[PDB]
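Chemist: how does the following fold in three dimensions:
(chains A, B, C, D, E, F and G, ligands or ions: 1)
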Amino acid sequence: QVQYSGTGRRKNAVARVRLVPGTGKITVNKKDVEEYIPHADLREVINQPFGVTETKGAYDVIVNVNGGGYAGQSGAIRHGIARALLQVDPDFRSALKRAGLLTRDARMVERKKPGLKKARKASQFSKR
Amino acid sequence: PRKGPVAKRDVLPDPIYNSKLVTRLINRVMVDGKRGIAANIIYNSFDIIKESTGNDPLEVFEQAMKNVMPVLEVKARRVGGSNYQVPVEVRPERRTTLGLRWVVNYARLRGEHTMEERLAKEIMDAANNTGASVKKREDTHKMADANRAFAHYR
Amino acid sequence: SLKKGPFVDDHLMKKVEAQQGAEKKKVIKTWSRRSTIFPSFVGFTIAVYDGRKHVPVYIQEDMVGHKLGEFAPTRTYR
Amino acid sequence: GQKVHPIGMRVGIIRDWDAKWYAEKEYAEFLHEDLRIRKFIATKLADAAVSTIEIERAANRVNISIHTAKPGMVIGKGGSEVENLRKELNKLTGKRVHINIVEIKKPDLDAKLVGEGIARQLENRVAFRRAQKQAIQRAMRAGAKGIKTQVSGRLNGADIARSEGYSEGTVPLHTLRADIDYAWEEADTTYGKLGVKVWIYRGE
Amino acid sequence: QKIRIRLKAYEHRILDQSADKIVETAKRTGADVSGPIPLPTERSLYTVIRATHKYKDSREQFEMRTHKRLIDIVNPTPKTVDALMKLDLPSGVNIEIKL
Amino acid sequence: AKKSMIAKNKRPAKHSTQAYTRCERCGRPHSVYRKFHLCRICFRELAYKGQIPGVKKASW
RNA sequence: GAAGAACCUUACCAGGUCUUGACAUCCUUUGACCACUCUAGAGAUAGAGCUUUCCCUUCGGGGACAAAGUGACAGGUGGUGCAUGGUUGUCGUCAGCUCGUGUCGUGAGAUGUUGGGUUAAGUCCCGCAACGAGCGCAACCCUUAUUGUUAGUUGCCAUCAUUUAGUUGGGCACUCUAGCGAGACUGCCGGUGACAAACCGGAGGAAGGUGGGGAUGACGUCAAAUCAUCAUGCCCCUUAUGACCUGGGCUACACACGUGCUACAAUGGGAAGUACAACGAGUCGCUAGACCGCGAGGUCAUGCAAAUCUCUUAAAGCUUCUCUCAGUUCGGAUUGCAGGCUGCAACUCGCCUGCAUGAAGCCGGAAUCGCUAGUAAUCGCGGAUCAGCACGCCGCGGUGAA
Ligand SMILES: [Zn+2]
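Modeler: Residues are numbered from 1 along each chain as shown, chains lettered A, B, ... in the order given. What follows is the structure:
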């Protein structure tokens, strides 16, 4: 059969995006945005690559993402979305470049140092 | 800090209500970065506005910014080296900053029992010349033009 | 895990068994920390060693809930 | 004191471990055995003045290998030294063992032996100035680029401490592709504890 | 089938060159071998203070790197059995046969 | 003093909770690895020796 | 410092004993021994049972002693950091410090290292009798920031079969693991700027101007600190500054102070039901699965020498009634009863469950510290020695501003 390649990668969370041209299905491991994700399940945050270019369809998606809290494995979806819309055209990709949501924000937790208690939290220092 | 003017570090728009001063107030009320409980009390506060004597939520915030608005700014700073305080104009980002700050100041400690009684009623109250945003507006209108002329060179 | 009642260690337990068959003497120079008390010892006297000196102190009529080392303190606050 | 060994900063990077092993669940016994045999190396070091001793492991053959300039001072001549060391080391080990002896290459360059020699002159009342200056003379005759060499403590067999040291050429520490040699010796005839420290440069 | 080996050593050179040697003695006399599939390189850390008498407030850390491989051989020939039973060096990679 | 104490671990234990650990080359009972049979600072210097297989300084 | 104190880890206090001694190169029969059991104890042990028992013989030898006892002793955890090493804290990633040669001053020396702009940067140019060089910054080490080859088990399922389920056929199509790669280098353009570096701005680029972090502590200042890691100068005990055995001890309190953990409540308070991480560890230990069990507690047993099985479904999440600001449906300092666990036993001096229990505290004066972003701020898990033991430490993993 037909299936379209896609994967995401951000913040300890990897995705398996699998597009078919359809109407809009979003169930990660057969669990919907209102089944998996709780009440903060913003559609425009998720479907903003649809919501700012080729709005919207939608198109049916077999999706398999896992790892970490809800926002982290929500931010790791847009790479496979850009791959799938890229398999449509790179013509929309210049608009994606001008609208962003493509440059992966690498901001993870900064590494701690052995010698303190957090990455930057010092001692509650006295007078001396 | 010392070297030059620091980069601005702006904000993000809402998906639903589609605003950023709203979003900056969302961040100003948010404690421990816990969004979802704060999100529910945000939508509940906008729904207490919208139904109870409410036309529109953009309109009630515009009616706030009519009556909220920080207009002046006293500044206790020396250059010559003494107890010098200058009233100066308020920066526009600092104007929104002080406005949302006054909102959280009086919606935080109004004194009503349930947690968003005081929140939702004060974001009703700031729209129509009530709340301590108006009290601090009186403070701004009063203590300015008074301690000016000694620190007039600022 | 000492829920099974009596607990007096052996080369003190044979001494106190010999005390049960005889008349009640006083001094035993020992650990005095480990052997617990249980009602077949009513009226006796066994020396409790604080760390300084053994305290030959009589075993009472209603002691079951602790051991020898409550008579002589381990700090001697003064 | 704040400096760090470049031989510790570059170990396992351009050089290799002594105990070339992988010892799952039977690990520290053999390394304390390595300590035991390391206590025993005074007999070979008496004549031959070795620098490095490298040890591996077969099934039972404890593969050890030394490095010095004089084989006849450590082989005997036909096995007189070698079998006596086999017996005295078998009494330490109780197992198969094989010594290995390799000729050194420019014993002038050996930074353990240079510090050993200047400490040897410090054993018998020789002035430190001419000693470390002829050390940099023979280091120039060894052929190098820049040499630092420091001594510290009760110099001249005397009172409270001094610490000065000679330097020539060019020698950085910030470079990672350096492979600079280093050795801390003693400096002790009858007074406490002192030592010498060496910092040569040769290029990568 | 009835021969598959784990290969434990430290760094990049030993595992892959010894794996090349043993797979070349394997499919030199025979066939039926996969690749030396890498493994996630077990690691656990260490901690030592920076003083000799005092100063808990300054530590120093250490690590371990030990890469691992995996080679399968499915129903071999008796001549790579000859290559197995005699070639048992070096001991950096572990001499190790299992199921 | 400590030679009797080094000999104490070589003598068999009187019961279960008398078995303690110390280093081999020194005898420090604090901060002694049961995997290395070393104390802390002697492991430190032997790591600067690089005679311990494996362990190196780390930085990431 | 002490990364785990019931003796033990204890350096201290009380008792009992030896002081060639428990700890060192010889002295006896070499012994074959220590060994295992008996009276006793608190035991050093005294006595015993027991022999505890000869490990080549070329006519011998020595390869092996347990007290036994002798001198060289031997044992020091006793001190001098102001005899010390080595090692470590600090200014501080501050931005400096010298050398050769040429020159000015009689000289001691000065010059380079200098005036502009420019920077994390004594970075770089333009001027300048200096020319340059070396030690310095940086790079060369690691991790993350995208991805090619190489390969598929337990990673992972693609067309599909299996089917509760990647379960077993098949496979590397997502991910994954690790060798080498490629890539980011003011690299390009435009402008400001003497055209100097630098800056501003944009394209392109996953990443732009040291991409975000860790390694890296120059000369020197502080007789800083350490003789208790180690061992030495010097002094000293050396029938004890040497020891074995029984208990206490560092944890008792007339007070002051530091670092922390939790409450002072309706971003709650409780009830119910609905999910996702990573680093490790685990073969005599993680416990697979089964139950009783308010619970400390047990129950028969499988896998797991490790991408297989566990700890570990992470919590912090949702969605439904409740209490209407109350020392309280917040809170548990608090001491007795019933149990249980590691140890062998837990008053001394461990941990846990139920019962009694709601005390203070309703946001902390003078005062100060830390912080320019996954940061502060909040919540779970892993781990170091560990008979048992953390509000400790070292991480990881989520939510997320000014
Ligand atoms: Zn050690």
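Chemist: residue 12: neighbour count?
Modeler: Because you didn't say which chain, this covers chain A. Neighbourhood size, residue A:12 [other CB atoms under 10 Å in any protein chain shown]: 14. All C-beta atoms are positioned from the backbone trio N, CA, C, and that covers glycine.
Chemist: looking at chain D here, not the other one
Modeler: The burial count for residue D:12: 17, using other CB under 10 Å.
Chemist: other residues contacting the host helix or strand of residue C:55?
Modeler: Per DSSP states H and E: residue C:55 is located in strand C:54-58. Residues outside strand C:54-58 that contact it (CB atoms under 8 Å, 6 or more residues apart in numbering or on different chains) are C:26-30, C:32, C:43-49, C:71-72.
Chemist: how about stretch B:92-108?
Modeler: With CB under 8 Å, 6+ apart as the criterion, stretch B:92-108 contacts B:21, B:24-25, B:28-29, B:64-65, B:68-70, B:73, B:90, B:118-119, B:122-123, B:126, B:131-133, B:135-136.
Chemist: is any residue of that stretch near RNA strand G?
Modeler: Yes: residues of stretch B:92-108 contacting RNA strand G under CB under 7 Å from any atom of the strand: B:97, B:108.
Chemist: spatially, what comes nearest to the residue of chain A found nearest chain D if we skip its sequence neighbours?
Modeler: Of all residues in chain A, residue A:115 sits closest to chain D, at 15.9 Å by CB to the nearest CB. The shortest distance from residue A:115 to any non-neighbouring residue, by CB to CB, 6 or more residues apart in numbering or on different chains, is to residue E:59 (6.1 Å).
Chemist: wait, isn't the one you found in contact with residue E:49?
Modeler: Yes: between residue E:59 and residue E:49 there is a contact at 5.7 Å, judged by CB atoms under 8 Å.
Chemist: returning to that earlier point: which of the contacts of stretch B:92-108 fall in strands?
Modeler: Applying DSSP state E to the contacts of stretch B:92-108, the entries found in strands are residue B:73.
Chemist: show me which of the contacts of stretch B:92-108 neighbour RNA strand G.
Modeler: B:24, B:28, B:29, B:119.
Chemist: for the strand or helix carrying residue D:66, name the packing helices and strands.
Modeler: Residue D:66 is part of strand D:62-68 when elements are defined by DSSP H and E. Strand D:62-68 is packed against strand D:53-55, strand D:97-98, strand D:101-103, with contacts defined by 3 or more CB pairs under 8 Å, 6 or more residues apart in numbering or on different chains; DSSP states H and E.
Chemist: and these as CSV, adding mean neighbour count?
Modeler: Shown next, in CSV, are these (neighbours: other CB atoms under 10 Å in any protein chain shown):
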stretch, mean neighbour count
strand D:53-55, 19
strand D:97-98, 14
strand D:101-103, 13
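Chemist: residues from chain F in reach of chain D?
Modeler: F:24-25, F:33, F:35-38, F:47-54, F:56-57 (CB under 8 Å from any CB of the partner chain).
Chemist: mind redoing it with 7 Å?
Modeler: Proximity of chain F to chain D is confined to F:24, F:25, F:35, F:36, F:37, F:48, F:50, F:51, F:52, F:53, F:56, F:57 under the rule CB under 7 Å from any CB of the partner chain.
Chemist: the helix or strand hosting residue A:94 and RNA strand G in contact?
Modeler: Secondary structure from DSSP H and E places residue A:94 in helix A:93-99. Yes: judged by CB under 7 Å from any atom of the strand, helix A:93-99 comes into contact with RNA strand G at A:94, A:97.
Chemist: could I have the CA atoms of that helix written out in CSV?
Modeler: In CSV, the C-alpha atoms belonging to helix A:93-99 read as follows (Å, rounded to 0.1, in the frame of the first residue of the first chain):
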residue,chain,number,x,y,z
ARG,A,93,9.2,24.8,2.3
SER,A,94,10.4,28.3,1.4
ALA,A,95,7.2,29.5,3.1
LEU,A,96,8.1,27.2,6.0
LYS,A,97,11.6,28.8,6.2
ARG,A,98,10.0,32.3,6.2
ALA,A,99,7.5,31.2,8.9
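Chemist: just the buried residues of it, please?
Modeler: residue A:96 (16 or more other CB atoms under 10 Å in any protein chain shown).
Chemist: before we move on, what about stretch E:24-38?
Modeler: Buried residues in stretch E:24-38, counted by 16+ other CB under 10 Å: E:25, E:26, E:30, E:33, E:36.
Chemist: for chain A, state which of these is nearest.
Modeler: residue E:36 (25.1 Å).
Chemist: quick check: phi and psi on that closest one?
Modeler: In terms of degrees, to the nearest 10, the main-chain angles of residue E:36 are phi -70, psi 90.
Chemist: gap between residue A:100 and residue A:93?
Modeler: 12 Å (CB to CB, to the nearest Å).
Chemist: actually residue F:20, not the one I typed
Modeler: Taking CB to CB, one finds residue F:20 at 68 Å from residue A:93.
Chemist: next: residue D:84.
Modeler: From residue D:84 to residue A:93 the distance is 80 Å (CB to CB).
Chemist: equivalent analysis for residue B:104, please.
Modeler: Residue B:104 is 42 Å from residue A:93, by CB to CB.
Chemist: ok, residue C:46 - contacts?
Modeler: C:16, C:28, C:59, C:68 (CB atoms under 7 Å, 6 or more residues apart in numbering or on different chains).
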